[PDB]
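Numbers 1 to 36, 44 to 152, 163 to 298, taken from PDB author numbering, label the letters of the sequence shown in order.
Report on the following structure.
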Amino acid sequence: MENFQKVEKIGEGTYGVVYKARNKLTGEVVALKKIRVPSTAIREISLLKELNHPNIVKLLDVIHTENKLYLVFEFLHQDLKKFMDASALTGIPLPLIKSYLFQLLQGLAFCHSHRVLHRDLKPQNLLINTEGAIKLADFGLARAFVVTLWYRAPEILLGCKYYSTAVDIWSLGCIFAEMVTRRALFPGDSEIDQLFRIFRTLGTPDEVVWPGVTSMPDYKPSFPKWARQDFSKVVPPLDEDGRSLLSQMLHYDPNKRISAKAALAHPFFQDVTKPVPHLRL
Ligand SMILES: c1ccc2c(c1)Cc1c-2n[nH]c1-c1ccncc1
Numbered sequence: 001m002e003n004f005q006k007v008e009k010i011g012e013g014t015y016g017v018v019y020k021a022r023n024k025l026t027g028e029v030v031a032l033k034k035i036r044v045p046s047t048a049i050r051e052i053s054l055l056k057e058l059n060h061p062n063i064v065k066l067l068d069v070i071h072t073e074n075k076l077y078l079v080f081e082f083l084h085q086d087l088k089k090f091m092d093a094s095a096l097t098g099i100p101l102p103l104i105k106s107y108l109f110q111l112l113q114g115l116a117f118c119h120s121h122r123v124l125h126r127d128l129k130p131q132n133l134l135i136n137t138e139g140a141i142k143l144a145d146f147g148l149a150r151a152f163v164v165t166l167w168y169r170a171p172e173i174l175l176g177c178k179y180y181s182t183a184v185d186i187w188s189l190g191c192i193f194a195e196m197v198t199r200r201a202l203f204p205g206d207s208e209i210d211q212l213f214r215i216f217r218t219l220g221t222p223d224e225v226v227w228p229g230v231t232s233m234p235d236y237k238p239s240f241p242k243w244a245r246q247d248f249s250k251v252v253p254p255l256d257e258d259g260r261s262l263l264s265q266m267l268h269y270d271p272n273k274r275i276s277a278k279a280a281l282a283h284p285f286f287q288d289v290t291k292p293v294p295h296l297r298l
């Protein structure tokens, strides 16, 4: 809309480009996304406007004009990928990691309770502000409408057509590990490299740990068989409570994977607080 003055491109996705923009008539600063128009898309996106929660980036307006689709979102000041890179030397303080994980699980528990999945969680769509808040962005968009495979759940990689809310828990678990170790957990650069990286760390799944896995669409009996490795080796700095929680977030069987709601009650969050991040914007 000519109702906005584009300041700068704050990113790009496959579902569209995102810009920092100012509302030409109200001076308000926002994140303007021009979607890259079916009625179903319009209806699903319209549903997202009501899905409001303190840990979900607010969708301010939906502008379907001149047969185009623009999404006006609230503008935060930093995404988690940049914050992680900037904190690479010391690493994000554990209390902050815990706070962020707790908040994101609250956001997920909320959307999941409304049957809405994100499907593509990653540091780039997790936005933070100076007050210690972290929020889920660009979600509900996947189902409504190089791509990184690093946070993709194994059931999606094995070809499951109807995945559940568990896919989000898996992605968040990978991000949790990344914040703690300062290295991506499963940095695959292809679908099979991604799958095998997961197998080499958590062990090749079988019917014992994941009933029904061998009949999944893309499963091959020829998959090499790797043994699982201790979480003590995978996320060393993390204490037992965090390790136990992470292990339940990375269960192979989606039905065995912990829910966001249950994760909130895990002992790991017994001492959760809300520290302020060291931001440089
Ligand atoms: C989709 C929907 C809303 C938003 C985004 C993507 C990215 C984004 C969104 N809102 N604010 C920001 C942002 C702020 C500062 N630095 C990077 C990004």
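Beta carbons are placed, not taken as given, at the ideal position from N, Cα and C, and that holds for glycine.
When secondary structure is reduced to three states using DSSP, residue 170 falls in the coil class, being assigned neither helix nor strand.
An exposed status is given to residue 96, since fewer than 16 other beta-carbon atoms sit within 10 Å of its beta-carbon. Residue 260 counts as buried, since no fewer than 16 other beta carbons sit within 10 angstroms of its beta carbon. When secondary structure is reduced to three states using DSSP, residue 163 falls in the coil class, being assigned neither helix nor strand. Here the distance from the Cβ of residue 10 to the nearest heavy atom of ligand 1 is below 6 Å. When distances are taken from the beta-carbon of residue 296 to the heavy atoms of ligand 1, even the shortest one reaches 6 Å or more. The three-state reading of DSSP puts residue 72 in strand, counting E and B together. Residue 18 is a Cβ neighbour of residue 31, given a cutoff of 7 Å.
Judged by DSSP in its simplified three-state form, residue 22 adopts strand. Sequence-distant partners of residue 106 (beyond 5 residues in either direction) whose C-beta falls short of 7 Å from its own C-beta, in its chain, are 139, 289, 290, 291 and 292. Looking at the DSSP output, residue 86 sits in a beta bridge with 134. One Cα belongs to residue 80, the other to residue 33, and the distance between them is close to 8 Å. Residue 108 and residue 277 have their alpha carbons spaced roughly 10 Å apart. When the five nearest sequence neighbours on each side are left out, the beta carbons in the same chain lying within less than 8 Å of the beta carbon of residue 74 are those of 44, in order along the chain.
Nearest Cα to residue 178 within the set 215, 126 and 255: 126. Judged by DSSP in its simplified three-state form, residue 190 adopts helix. Using a Cβ distance threshold of 7 Å, residue 76 and residue 35 count as a contacting pair. Between the region 191-199 and the region 269-287, the count of Cβ pairs shorter than 8 Å is below three; the stretches do not touch.
Ligand 1 approaches residue 31 closely enough that one of its heavy atoms is under 6 Å from the residue's Cβ.
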